[PDB]
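First up is the structure itself, then whatever we jot down about it.
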Amino acid sequence: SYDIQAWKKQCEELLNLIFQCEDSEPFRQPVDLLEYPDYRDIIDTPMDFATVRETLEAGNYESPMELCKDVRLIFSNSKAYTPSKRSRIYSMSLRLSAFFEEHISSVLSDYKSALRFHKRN
Ligand SMILES: O=C(NC1CC1)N1CCN(C(=O)c2ccco2)CC1
């Protein structure tokens with residue numbers, strides 16, 4: 001399964017699954033500051049799933065590793081902004097992270113394999 005380009009549609013499909021998860025709703029658009037006035041005092045680099053999908057569709061990811069770094073920033077931002085590890089929204093982030101990691105592992109493996117096969121000679 002040595003298609004170097006296959007990761008892109010596999011990531012589009014996984015983002016569609018994430019958008020169907022009720023657990024994604026807080027992460028689907030950039031945070032608003034009128035409701036969370038201290039956000040940018042805590043979080044240096046905001047990230048959300050609409051920004052990830054737009055970056056993919058623009059052709060501005062070169063690999064699934066880059067997409068994975070931005071998705072993991074969504075989750076690290078939630079863990080750093082949360083006032084409690086028992087937060088509703090943080091709790092939603094941890095379920096969504098487990099789902100994402102379960103599904104991204106084969107996408108990363110297949111891409112890295114494809115690149116090694118390309119450079120086999
Ligand atoms: O306002 C939004 N998101 C809506 C615009 C879709 N968020 C999601 C990100 N936040 C957190 O990760 C968090 C952890 C604990 C409490 O919030 C702040 C609130």
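All residue numbers refer to positions in the sequence shown, counting from 1. Counting convention: from 1, in listed order, for ligands and their atoms alike. We use all heavy atoms of the structure for the numbers below, so side chains are in, but hydrogens, waters and symmetry mates are not.
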**OP:** Provide, to 0.1 Å, the distance between atom 8 (C) of ligand 1 and the closest protein heavy atom, together with that atom's residue and name.
**Re:** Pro26 O, 3.1 Å
Subject >> Closest protein heavy atom (residue, atom, distance) for atom 12 (O) of ligand 1 >> reply: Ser78 OG, 2.9 Å
Subject >> Between CG on residue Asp23 and CZ on residue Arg95, distance to nearest 0.5 Å >> reply: 4.0 Å
Original post:
Can you tell me how far the NZ atom of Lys9 sits from the CD atom of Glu12, to the nearest 0.5 Å?
Top reply: 7.5 Å
Subject >> Structural part of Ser87 in contact with ligand 1, heavy atom criterion under 4.0 angstrom >> reply: side chain
**OP:** Could you see which bit of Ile89 sits under 4.0 Å from ligand 1, with heavy atoms only: side chain, backbone, both or neither?
**Re:** side chain
Subject >> Test of proximity, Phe27 against ligand 1: N or O pairs below 3.5 Å >> reply: no
Subject >> Ligand-side contact atoms (ligand 1) for residue partner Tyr81, heavy atom cut-off under 4.0 Å >> reply: 13 (C), 17 (O), 18 (C)
Atom pairs and distances, donor-acceptor, side-chain atoms in residues 1-8, under 3.5 Å, two or more places apart:
from, atom 1, to, atom 2, distance (Å)
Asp3, OD1, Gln5, N, 2.8
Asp3, OD1, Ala6, N, 3.2
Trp7, NE1, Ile4, O, 3.4

Subject >> Inter-residue atom distance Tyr90.OH - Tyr81.OH, 0.5 Å rounding >> reply: 15.5 Å
**OP:** Under 4.0 Å from a heavy atom of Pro30: give me the atoms of ligand 1 that qualify, with their elements.
**Re:** 5 (C)
Original post:
Any N/O of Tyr36 closer than 3.5 Å to an N/O of ligand 1?
Top reply: no
Original post:
Nearest 0.5 Å, what's the CG-CG distance between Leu67 and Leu56?
Top reply: 6.0 Å
**OP:** List the closest protein heavy-atom neighbour of atom 5 (C) of ligand 1: residue, atom name, distance to the nearest 0.1 Å.
**Re:** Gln29 CG, 3.5 Å
Original post:
Is the count of non-hydrogen atoms from other residues, nucleotides or ligands lying under 6.0 Å from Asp44 atom CG greater than 12?
Top reply: no
Original post:
Hey, what do you get for OG (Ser87) to CG (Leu94), rounding to the nearest 0.5 Å?
Top reply: 9.0 Å
Original post:
What protein heavy atom sits nearest atom 9 (C) of ligand 1, and how far away is it?
Top reply: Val31 CG2, 3.6 Å
Subject >> Region of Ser93 that comes within reach of ligand 1 [heavy atoms, distance under 4.0 Å] >> reply: neither
Original post:
For ligand 1, is there an atom lying under 4.0 Å from some heavy atom of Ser84?
Top reply: no
Subject >> Atom pair CD (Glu54) and CZ (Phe49), whose distance is rounded to the nearest 0.5 Å >> reply: 13.5 Å
